[PDB]
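All remarks here apply to the structure that follows.
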Amino acid sequence: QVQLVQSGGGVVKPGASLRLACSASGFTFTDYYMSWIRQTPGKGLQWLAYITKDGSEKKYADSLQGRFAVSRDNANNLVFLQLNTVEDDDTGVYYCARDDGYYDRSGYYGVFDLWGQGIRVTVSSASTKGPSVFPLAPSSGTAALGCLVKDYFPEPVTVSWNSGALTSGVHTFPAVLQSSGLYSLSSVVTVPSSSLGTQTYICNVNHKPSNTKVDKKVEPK
Amino acid sequence: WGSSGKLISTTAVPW
Amino acid sequence: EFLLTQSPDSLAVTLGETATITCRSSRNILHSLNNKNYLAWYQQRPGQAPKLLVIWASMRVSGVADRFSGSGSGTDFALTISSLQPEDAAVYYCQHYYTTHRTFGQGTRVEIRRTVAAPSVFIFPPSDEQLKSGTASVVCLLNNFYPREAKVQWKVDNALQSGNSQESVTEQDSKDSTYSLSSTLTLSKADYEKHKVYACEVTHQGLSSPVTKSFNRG
């Protein structure tokens with residue numbers, strides 16, 4: 001199967017360094033240039049670096065001021081990106097991509113025809129912390145209820161309802177980053193108001209970075 | 001002339 | 001040096017109709033040696049990596065639906081999606097490869113157009129559990145509305161709040177093409193206990209006048 005599987009990444013303190021890895025399968029790795037591309041809220045989709053087939057030549061986006069270093073290991077079908085002296089602008093999702101193109105004496109001209117799944121890079125001095133889970137109780141037609149998943153770090157959390165049995169009407173929202181450096185997320189569901197005395201509603205929260213699993217029963221107040 | 005892959009290289013020139 | 005600017009920033013398209021996205025380059029990227037434009041297009045769906053659609057401005061790559069067509073020359077380019085399908089709701093990016101320092105446009109978000117739908121609005125007081133910890137979060141839910149543009153204002157004893165709330169919005173729903181929005185007002189327990197009425201006021205194209213949901217602390 002033709003694919004690029006990424007690893008590494010995660011949380012890095014401002015000023016420190018972080019390594020990203022990508023593992024290629026299903027094609028002749030040494031026939032290809034490889035590139036890294038990130039997506040950040042402030043700078044959009046941004047090509048960062050490419051490395052030639054034999055790993056000898058590297059090119060970088062000038063705005064990185066030389067802070068990033070791409071390398072490859074052709075004996076093991078790996079390519080790497082090292083982020084150094086990281087800063088808040090470096091937070092985002094980083095992709096490896098296969099680079100298909102041509103080169104003449106003037107340069108290399110190409111496109112990105114196969115992409116890894118992306119890896120989250122979070123630049124933060126915050127410590128890993130599991131969430132508090134608070135009920136959003138139904139008010140007392142249609143009722144709304146939910147769970148507030150507050151003060152965790154890093155992303156992501158997942159939320160299910162009734163161990164995955166309840167999906168209709170569920171909305172789990174994008175998390176927000178609070179000024180404390182911790183994230184907060186809500187998950188809601190709308191249900192028949194008539195079910196509130198007879199149906200149990202449990203939100204199942206999983207924060208893998210902290211190995212925290214919590215189930216919270218949500219009842220009328 | 002060098003090629004990384006073939007999608008772009010084989011279509012960069014009419015001939 | 002080479003700047004790509006897409007327009008519009010976002011586009012709502014009725015299913016089965018035609019979407020047109022444009023990409024302008026600040027510099028010519030047609031090379032006379034091979035008469036090719038060094039321009040590519042990508043599609044990015046939520047939670048996924050971008051996917052290559054088109055190379056050389058107008059050549060679809062393998063597997064790409066033929067309802068996508070790239071056009072243009074020199075400095076002005078377009079991606080046209082005929083007979084738009086639900087899977088075509090995505091962010092589209094152009095990319096030049098005229099130099100060794102490639103850049104992308106800023107992306108154009110294509111959403112499905114549907115009829116106007118007013119939000120259902122709900123407000124949630126802080127839980128007793130949270131309050132025991134020293135903080136109060138008040139949550140306002142706007143459920144299943146269209147178009148995406150909505151305004152939520154927090155009012156505390158009728159006083160308009162600023163700077164102490166955060167919100168986020170779901171991806172467009174695959175079933176009914178609506179959006180939902182969550183907003184959280186956060187105060188210290190002490191500040192929370194200094195006031196009585198907590199309200200979120202919602203303004204939206206589907207409401208003939210703003211809708212307010214509120215509760216009295218207690």
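Chain lettering (A, B, ...) mirrors the order of the structure tokens, residue numbering begins at 1 for each chain separately, and ligand numbering begins at 1 in order of display.
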
Distance-based interface of chain A with chain C, 6 Å, counting only C-alpha atoms, as a PDB file with C-alpha atoms, in the first residue's frame:
```pdb
ATOM      1  CA  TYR A 108      13.376  21.933  -9.117  1.00  0.00           C
ATOM      2  CA  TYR A 109       9.683  22.312 -10.020  1.00  0.00           C
ATOM      3  CA  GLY A 110       7.113  20.041  -8.390  1.00  0.00           C
ATOM      4  CA  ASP A 113       1.046  14.002  -4.882  1.00  0.00           C
ATOM      5  CA  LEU A 136     -24.529  20.970  31.087  1.00  0.00           C
ATOM      6  CA  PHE A 173     -17.273  21.537  19.289  1.00  0.00           C
ATOM      7  CA  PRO A 174     -13.727  22.603  18.432  1.00  0.00           C
TER       8      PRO A 174
END
```

With 10 Å as the cut-off and only C-alpha atoms counted, what is the closest atom pair between each nearby residue of chain B and chain C? Distances in Å to one decimal, ordered by chain and number, as a tab-separated table.
```
residue	atom	partner	partner_atom	distance
B:7	CA	C:61	CA	8.6
B:8	CA	C:55	CA	7.9
B:11	CA	C:56	CA	8.7
B:12	CA	C:34	CA	6.9
B:13	CA	C:34	CA	5.7
B:14	CA	C:34	CA	7.1
B:15	CA	C:34	CA	9.8
```

Contact set, chain A to chain B: 7 Å, only C-alpha atoms, as a PDB file with N, CA and C atoms, in the first residue's frame:
```
ATOM      1  N   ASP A  31      13.533   7.275  -5.468  1.00  0.00           N
ATOM      2  CA  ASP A  31      13.180   7.944  -6.708  1.00  0.00           C
ATOM      3  C   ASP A  31      12.562   9.312  -6.472  1.00  0.00           C
ATOM      4  N   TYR A  32      12.409   9.742  -5.209  1.00  0.00           N
ATOM      5  CA  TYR A  32      11.612  10.921  -4.882  1.00  0.00           C
ATOM      6  C   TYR A  32      12.323  11.921  -3.977  1.00  0.00           C
ATOM      7  N   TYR A  33      12.216  13.198  -4.340  1.00  0.00           N
ATOM      8  CA  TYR A  33      12.313  14.287  -3.376  1.00  0.00           C
ATOM      9  C   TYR A  33      11.172  14.165  -2.362  1.00  0.00           C
ATOM     10  N   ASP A  99       7.083  14.389  -3.235  1.00  0.00           N
ATOM     11  CA  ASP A  99       7.311  15.548  -4.080  1.00  0.00           C
ATOM     12  C   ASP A  99       7.611  15.030  -5.488  1.00  0.00           C
ATOM     13  N   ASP A 100       6.674  15.245  -6.423  1.00  0.00           N
ATOM     14  CA  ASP A 100       6.794  14.780  -7.805  1.00  0.00           C
ATOM     15  C   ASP A 100       7.081  15.983  -8.693  1.00  0.00           C
ATOM     16  N   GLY A 101       8.189  15.939  -9.429  1.00  0.00           N
ATOM     17  CA  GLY A 101       8.589  17.107 -10.196  1.00  0.00           C
ATOM     18  C   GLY A 101       9.707  16.796 -11.163  1.00  0.00           C
ATOM     19  N   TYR A 102      10.252  17.864 -11.737  1.00  0.00           N
ATOM     20  CA  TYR A 102      11.418  17.763 -12.602  1.00  0.00           C
ATOM     21  C   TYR A 102      12.408  18.834 -12.197  1.00  0.00           C
ATOM     22  N   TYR A 103      13.667  18.615 -12.567  1.00  0.00           N
ATOM     23  CA  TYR A 103      14.698  19.598 -12.297  1.00  0.00           C
ATOM     24  C   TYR A 103      15.594  19.731 -13.514  1.00  0.00           C
ATOM     25  N   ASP A 104      15.969  20.962 -13.812  1.00  0.00           N
ATOM     26  CA  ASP A 104      16.982  21.208 -14.825  1.00  0.00           C
ATOM     27  C   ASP A 104      18.093  21.996 -14.141  1.00  0.00           C
ATOM     28  N   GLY A 110       7.906  21.212  -8.737  1.00  0.00           N
ATOM     29  CA  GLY A 110       7.113  20.041  -8.390  1.00  0.00           C
ATOM     30  C   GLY A 110       5.842  20.298  -7.597  1.00  0.00           C
TER      31      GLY A 110
END
```

From A:182, A:1, A:44, A:8, residue lying nearest residue C:91 [only C-alpha atoms]
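The answer is A:44, which sits nearest to residue C:91.
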